[PDB]
Every structure is written in structure tokens, then in C-alpha cells.
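Next come C-alpha cells for two forms of one protein chain, structure 1 first, structure 2 second.
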Structure 1
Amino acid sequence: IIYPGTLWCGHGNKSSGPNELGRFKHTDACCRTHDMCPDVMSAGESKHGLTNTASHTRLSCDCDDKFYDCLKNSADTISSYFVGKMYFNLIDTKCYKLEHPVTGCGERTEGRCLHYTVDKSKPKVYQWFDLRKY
């Protein structure tokens, strides 16, 4: 599904070229860059010792954070608000990143764990994490 008025917001993209943007050019730009994330793992793919069991793509946390900021700064506020709430709040996805082994949490916003505890004595390993609420 791709959100009408955009070419890149949703599963994959329906752009005819790498540089095409939709009607909502600010919101779509944020999704375009998101889709072009250097490190992603497709549905059912296995990477960094992890495996994405979702029916949608899951990306590195760096890309997901940049996406968050992009949307919050987008001039197309109505469509960005919709895409932002959907992605970060309603589809219950996760991102991966290299971090010290996690030990605990302090539900920095219930439902999800934003200030988890790590063991700083053990080398970093790829793990799954919750996103901030939009």
C-alpha cells in the first residue's frame, strides 16, 4: 500500500524514477530518503544475526530516527501527521542497531521502552528496539 499523494510512503514505492516525488512533496521526500536507507532487512530476511518476522521492511534505528525528524519538520503537516502516527504509533514496528546487551527498561512512555538498561562491559551486538511515539 502506498499513501495517495506520495510515491514512496508505504510498501516499496511506485515512482517511475529515483528522483520523482508526489503531490505532498515534503512528506514524500521524507519517505524517499527512508526507503533509501543504507541498512534495511526485507520481510522475512535474516541479517546481523537477527531476522525480520514482519510482513514489512524493518530498518536500522538511525534511519528511523531521521525519518521521525523529517516528518516532524515537514511543511505538509496533515499528511506527515498521518504517516507519522501510522508508522511510529500504530503498526508496532521495530528498528535494529548495534548496542551493548540490553538488561532492563523504564517505560519512558508506556507500551514501549525508550530508556532501557545495557551492560556496558560487553561488546555491542545488534538488537531490536522500540521507536519513540510520534
Structure 2
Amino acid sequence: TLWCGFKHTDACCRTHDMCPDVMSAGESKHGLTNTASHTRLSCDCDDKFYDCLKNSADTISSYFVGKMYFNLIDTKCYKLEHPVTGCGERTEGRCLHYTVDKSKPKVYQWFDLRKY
């Protein structure tokens, strides 16, 4: 569509494209550096995009867009969190749940996206 590259799905991509915090390929920000070949976003934007597509009434377009975005190999987002110590559950090559050292200050880190 105009925003994803018919109306409800298009509006999900619009909002996602206006994410306030993005990091281009090779960009350094927040003490991180994006080593992927495409832009990565804050996890809250990716979270809201995922939920928007899942709840969209244009269910067929949303299904294609969600799968395309989220199920690409090695997809990640960043956010501020206590230092990550491990993964509690992995499925299909993705961390579902992680653990942290709650006693150390929060720092920006990288997190797996969920499969759609």
C-alpha cells in the first residue's frame, strides 16, 4: 500500500513509519551501533505495529505485511532495559522471554522481534 510499500493495514504502516526513535544501517545511537543493512526501530514502535496489524480489519493485507516484516531472519529492535542475562524460552530461532540483572542500571540493548 501507500505506507507499507487496504485502509486499516495502510494506517498501521503509517504510524510505524513515524516511530520517534530509529537507527539507520550503520548508525550509532544510545551506545549501540546497528550492524544490519536496514533501519531498526525502538521496540515500542514494533510492538504497537504488531498489535495494530493483528487487530486490523483488512486481515489479508495485514497478514502479508506482518509476516514480511516480523518473520524475516535476524529481526531486532532496541530499548532501555536492565542488563540482559539470558533467554528463558526460545522457539523457532527467536527469544520469547529474557531475564535481566535487576540490580544494575538500565542500558539500551537489542531484542528479538516476535514471529507474526
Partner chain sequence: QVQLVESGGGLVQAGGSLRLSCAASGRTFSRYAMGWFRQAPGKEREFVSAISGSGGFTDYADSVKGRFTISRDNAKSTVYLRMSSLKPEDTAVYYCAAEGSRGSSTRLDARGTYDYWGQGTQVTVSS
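We call the rigid core the largest set of C-alpha positions that still match within 1.5 Å between the two forms. By convention here, residues take numbers in order along the sequence of structure 1, the first being 1. Shifts are known only where both forms have a C-alpha.
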Can you tell which of the two structures I gave is the form deposited without the partner chain? 1
Looking at 39, 65, 99, 107 between structures 1 and 2 with the core superposed, the single C-alpha displaced by 2 Å or more is at 107
If the rigid core is lined up, how many Å does the C-alpha atom of residue 86 shift between structures 1 and 2? 1.1
Between structures 1 and 2, C-alpha offset at residue 30 (rigid core aligned, Å): 0.2
After lining up the core, report the Cα displacement of residue 55 between structures 1 and 2 in Å, one decimal place. 2.1
Counting only residues modelled in both forms, where do runs of 3+ with a CA shift of at least 2 Å appear between structures 1 and 2, relative to the core? 90 to 92, 106 to 110
